[PDB]
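FYI, the numbering just counts along the sequence from 1. Whatever order the structure lists ligands and atoms in, that order sets their numbers, starting from 1.
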Amino acid sequence: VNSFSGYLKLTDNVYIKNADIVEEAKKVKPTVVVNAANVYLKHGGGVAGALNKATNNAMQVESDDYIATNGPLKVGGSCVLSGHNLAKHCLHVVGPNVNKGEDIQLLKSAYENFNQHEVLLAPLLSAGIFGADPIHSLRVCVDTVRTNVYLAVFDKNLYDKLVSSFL
Ligand SMILES: COc1cc(Cn2cnc(N)c3ncnc2-3)on1
């Protein structure tokens, strides 16, 4: 048993809810919250800016030190950093950004990072402002992630369609 409430069960291991990932993280304090990161860990908007704002910019301060030491992530890659006041850990995962021209095939690689964690609270990778179709992102998630993932979908209308079209 765990603390996640009101999720629809899609598969053995994937659950979904219409919710802001920030409000869910603040209420649940999960072991792992996933950030929809970019390779520079510049958290300006979308899930990254919302999460970073909720940490009072501590996520960005920590991220800038990570980049100064290690250099940028890969598209499809990830790093584990603090979850600050939201979670124990934040898994920063870089899905491909269609609005920058990146290979959508890298979305599977991105979701493979989730398999290193038994339970995660996550957004739909590469969806929202990253330009991919969230229906596609959900399908790749279900077909790639084997650990237990609780997906928070901010947008009510896209959430309604993601459920109603799920195969
Ligand atoms: C346009 O539709 C969208 C966009 C997104 C991405 N996203 C953005 N900011 C949030 N605070 C989220 N929490 C869950 N997902 C979040 O979700 N649905």
Side-chain angles (χ1 to χ4, degrees), residues 2-11 13-26 28-60 62-63 73 75-76 78 81-100 102 104 106-108 110-111 113-114 117 119-142 144-145 147-166:
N2 65 47
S3 159
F4 290 108
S5 183
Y7 286 73
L8 177 72
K9 181 171 181 60
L10 295 177
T11 69
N13 65 297
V14 179
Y15 294 80
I16 197 165
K17 184 179 181 183
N18 179 198
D20 185 339
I21 195 173
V22 177
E23 293 305 316
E24 207 75 357
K26 285 195 283 193
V28 173
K29 283 288 235 85
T31 306
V32 181
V33 65
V34 173
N35 181 32
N38 60 53
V39 295
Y40 304 110
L41 302 180
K42 286 171 57 79
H43 307 307
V47 165
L51 291 170
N52 175 59
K53 176 179 177 190
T55 76
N56 180 44
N57 211 53
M59 179 179 283
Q60 190 64 67
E62 177 194 32
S63 292
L73 298 177
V75 180
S78 72
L81 289 174
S82 180
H84 299 280
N85 53 316
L86 301 180
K88 190 178 194 301
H89 304 289
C90 179
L91 181 70
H92 293 272
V93 181
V94 184
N97 190 325
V98 182
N99 303 321
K100 305 179 176 167
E102 299 169 352
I104 195 62
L106 289 169
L107 186 53
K108 187 170 184 79
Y111 274 115
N113 295 286
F114 289 24
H117 302 279
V119 181
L120 313 87
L121 171 61
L124 285 168
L125 299 177
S126 298
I129 65 179
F130 279 65
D133 180 358
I135 296 171
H136 177 66
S137 181
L138 178 55
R139 184 23 70 187
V140 178
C141 181
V142 156
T144 305
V145 180
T147 57
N148 295 322
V149 58
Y150 288 84
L151 294 170
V153 179
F154 184 85
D155 192 283
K156 173 172 179 327
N157 288 320
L158 290 174
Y159 175 78
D160 295 343
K161 169 170 157 216
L162 277 151
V163 169
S164 71
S165 61
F166 183 69

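- Nearest non-hydrogen protein atom to atom 4 (C) of ligand 1 is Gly128 CA, 3.8 Å.
- The NZ atom of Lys29 sits 13.0 Å away from atom CG of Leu121, with the distance rounded to the nearest 0.5 Å.
- Interatomic distance, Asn35 CG to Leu81 CG, rounded to the nearest 0.5 Å: 9.5 Å.
- Atom numbering of ligand 1 starts at 1 in the shown order; those under 4.0 Å from a heavy atom of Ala50 are 11 (N).
- Residue-ligand proximity, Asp20 to ligand 1, at heavy-atom distances under 4.0 Å covers atoms 10 (C), 11 (N), 13 (N).
- Distances shorter than 4.0 angstrom occur between a heavy atom of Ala152 and an atom of ligand 1.
- Not close to ligand 1: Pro134, with no non-hydrogen atom less than 4.0 angstrom away.
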Hey, mind stepping through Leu125 and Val34 against side-chain contact (heavy atoms from CB on, under 4.5 Å) and telling me if it holds? CA-CA 9 Å; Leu125 299 177; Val34 173; 4.3 Å; yes
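- In this structure, of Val153, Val47, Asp155, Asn18, the residue bringing a heavy atom nearest to atom 7 (N) of ligand 1 is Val47.
- Counting heavy atoms closer than 4.0 Å to ligand 1, residue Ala127 contributes nothing at all.
- Counting only heavy atoms from C-beta outward, the side chains of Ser137 and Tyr111 approach each other to under 4.5 Å.
- Under a 3.5 Å cut-off, the side chain of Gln60 and the backbone N or O of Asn52 do not form any donor-acceptor pair.
- Between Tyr7 and the choices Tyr159, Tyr150, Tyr15, the ring pair (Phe, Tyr, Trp, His ring centres under 6.0 Å) rule is met once, by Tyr150.
- Protein heavy atom closest to atom 5 (C) of ligand 1, with residue, atom name and distance, is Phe154 CB, 4.2 Å.
- Annotation: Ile21 places an N or O atom under 3.5 Å from an N or O atom of ligand 1; distance criterion only.
- How far CG of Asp133 is from NZ of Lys161: 6.0 Å, rounded to the nearest 0.5 Å.
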